[PDB]
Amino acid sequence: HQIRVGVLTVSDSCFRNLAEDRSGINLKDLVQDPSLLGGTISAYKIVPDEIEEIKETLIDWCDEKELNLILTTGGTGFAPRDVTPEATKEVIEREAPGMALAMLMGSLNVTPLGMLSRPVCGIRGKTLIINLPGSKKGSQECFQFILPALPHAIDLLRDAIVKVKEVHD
């Protein structure tokens, strides 16, 4: 009963080494902390703002690595290339509106610019996928908004099956 987590950084800037990935490095620090989630980093990667490459990575981590949780950081704003939510929508099987709601209310409680965030939260197989903002402060804060329900959420999904495996079987 260990928690295998994947952190996926979506950003043309970090991908082209124009900037340091402080958000993703910090999330990896937050996910492994015993006082928080106490999980283990089982995957990490920086991809550009391309829906097809985000979708492929997500499917791989869910169907092949069978991670329990994937936190994506970046690509959830209004800027033209921000398509993380759209890629997430094409890969999830079941939507988790309550988690997206939790993070959005928390944000709008902080600033009206909170309505410029477009996160999607969903489930695929035994994996929960959470769209976090690209900034270090925001992804850390949003992660805290949902952290209380993550342990129970993950445990509920532990015995789910990877569809492509059932359909073939």
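All residue numbers refer to positions in the sequence shown, first residue = 1.
Undergrad: According to the deposited model, is the average Cα temperature factor higher in 25-33 or in 121-129?
TA: Going by the record's values, the stretch with the higher mean is 25-33.
Undergrad: Taking the mean of the C-alpha B-factors per stretch from the entry, tell me the winner out of 143-151 and 157-165.
TA: The stretch with the larger mean CA B-factor is 157-165.
Undergrad: What third of its chain's C-alpha B-factors does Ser13 belong to: lowest, middle or highest?
TA: For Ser13, the deposited C-alpha B-factor lands in the highest third.
Undergrad: Pull the Cα B-factor of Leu113 out of the PDB entry and bin it into the chain's lowest, middle or highest third.
TA: Highest third of the chain for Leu113's C-alpha B-factor.
Undergrad: C-alpha B factor of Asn68, ranked within the chain: lowest, middle or highest third?
TA: Bottom third by C-alpha B-factor.
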